[PDB]
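> Sequence, then structure. It's an experimental one.
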Amino acid sequence: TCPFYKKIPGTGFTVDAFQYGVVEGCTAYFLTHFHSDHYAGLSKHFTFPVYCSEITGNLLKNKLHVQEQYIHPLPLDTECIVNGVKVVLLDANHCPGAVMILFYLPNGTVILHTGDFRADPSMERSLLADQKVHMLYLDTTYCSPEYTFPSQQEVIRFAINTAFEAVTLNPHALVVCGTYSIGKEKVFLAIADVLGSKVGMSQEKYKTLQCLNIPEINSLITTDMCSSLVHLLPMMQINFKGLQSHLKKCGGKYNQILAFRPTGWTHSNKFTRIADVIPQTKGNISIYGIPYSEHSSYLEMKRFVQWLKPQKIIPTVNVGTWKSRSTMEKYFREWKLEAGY
Ligand code: NI
């Protein structure tokens, strides 16, 4: 049974609600982004209307085989009528194709559902500027002040400089980047660009990247591993055993691996600056954990909410424990008293 925080009151609509069977009264199912916890349940046998971005719709059709007749892509930044209700899709600054959804309810209430997002000041100049929001359904993944991490630009600067130094000292080093979902593509694209290489990967991952409308993608990626000195591997293989095994396969072309594991936040964020990050090393193999986040930091979240001034907040992440829920409610009240709404 579908939980309350996935239902949109006064509509036939649900958000990210595909794992509950046929939801009573749902005439349109929205999907914010193509991450498995959110699409859980969709397949080629789904026969209800799915509303989403163009990119998410390319992934539903090619990767999950959802039939074309049930896929309803909407442009961003554009007022659309769905089943008699005005909606807008906004870029979520999460992974490719990810959106927030603005719903203008027939009774005059305005609801924002962030999906998963990384709040940014540029959102203060979208179509959100123009009007009031009564209810905010909020991605609270890192809603606690201990969650700090650098900008995505600083993280990429660190990875480019690290890779370029290593391969210039040793032209026979291979760079490897972990992946387990869409998102974080700038990590491996930026490194391959500085090295003058395409990125090599499996046919399955190439297929997924080909759905993402990335400009000039055919110039950037390949399935021919042997021609490439940046390889993508599943995240589970990013360990000394998996990498040893991979280096064997390359036919004595390389004699060193430098590997990157983009994580979310880790507690080594609480002590170390990005600049000071060091790898784990075993022999000719080195592994860097880099804190590339596609979710809001605590400070980015608080800035966004204090700007929007919603009348009510409904968290969508960390809702399963009483202690989590109580912690989040405390911060929402601090933010409201500090800013005066
Ligand atoms: Ni996500």
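Received it, and whenever you're ready, just let me know what you need. Residues are numbered from 1 along each chain as shown.
> hey, let's count contacts and neighbours off CA atoms from now on
Will do.
> ok, residues contacting stretch 58-73?
Contact partners of stretch 58-73, identified using CA atoms under 8 Å, 6 or more residues apart in numbering, comprise 34, 42-54, 56-57, 208, 211-212.
> What is the burial count for residue 321?
8 (other CA atoms under 10 Å).
> Please apply the same query to residue 1.
For residue 1, the neighbour count with other CA under 10 Å is 10.
> ok, residue 55 to residue 211 distance?
Residue 55 sits 7 Å away from residue 211, going by CA to CA, to the nearest Å.
> Check residue 169 too.
Distance of residue 169 to residue 211, given as CA to CA: 36 Å.
> go on, residue 190?
19 Å.
> do the same with residue 7
Here residue 7 is placed at a distance of 29 Å from residue 211 (CA to CA).
> before we move on, the earlier item: and the contacts of stretch 58-73, which of them are in helices?
Secondary structure from DSSP state H places 54, 56, 57, 208 of the contacts of stretch 58-73 in helices.
> Residue 81: which of the residues you listed is nearest?
Distance from residue 81 was checked for each of those by CA to CA. The minimum falls on residue 54, at 16.7 Å.
> That closest one and residue 97 touch, don't they?
Yes - using CA atoms under 8 Å, residue 54 and residue 97 qualify as a contacting pair, with a distance of 7.0 Å.
> okay, these two: which has more neighbours?
A direct count of neighbours by other CA under 10 Å for residue 54 and residue 97 places residue 97 higher, at 25 against 20.
> So what's the residue count around residue 62?
Neighbourhood size, residue 62 [other CA under 10 Å]: 15.
> Comparing residue 169 and residue 211, which residue is more hemmed in?
Neighbours were tallied for residue 169 and for residue 211 using other CA under 10 Å; the higher tally belongs to residue 211 (20 against 9).
> That one contacts residue 53, doesn't it?
No - using CA under 8 Å, residue 211 makes no contact with residue 53, being 11.9 Å away.
> Which parts of the stretch 1-150 of the chain are helices?
36-39, 54-62 (DSSP state H, counting those that start in this stretch).
> any idea which of those helices is most buried?
helix 54-62 (a mean of 21; mean count of other CA atoms under 10 Å).
> Quick check: residue 114 touching residue 100?
Yes - between residue 114 and residue 100 there is a contact at 4.4 Å, judged by CA under 8 Å.
> for stretch 134-148, the distance to its chain's centre please.
15 Å (CA atoms, centre = their mean, to the nearest Å).
> Identify each buried residue in that stretch, please.
134-144, 147-148 (16 or more other CA atoms under 10 Å).
> for residue 315, phi and psi?
Comment: the main-chain dihedrals of residue 315 come out as phi -60, psi 150, following degrees, to the nearest 10.
> Quick one: neighbours of it, just the number.
19.
> Then the one 3 residues further on?
Close neighbours of residue 318, defined as other CA under 10 Å, add up to 16.
> quick one: the strands in the stretch 1-150 of the chain?
The residue ranges that make up the strands of the stretch 1-150 of the chain, judged by DSSP state E, counting those that start in this stretch, are 7-8, 13-15, 28-30, 50-52, 71-73, 80-82, 85-91, 99-104, 110-113, 135-138.
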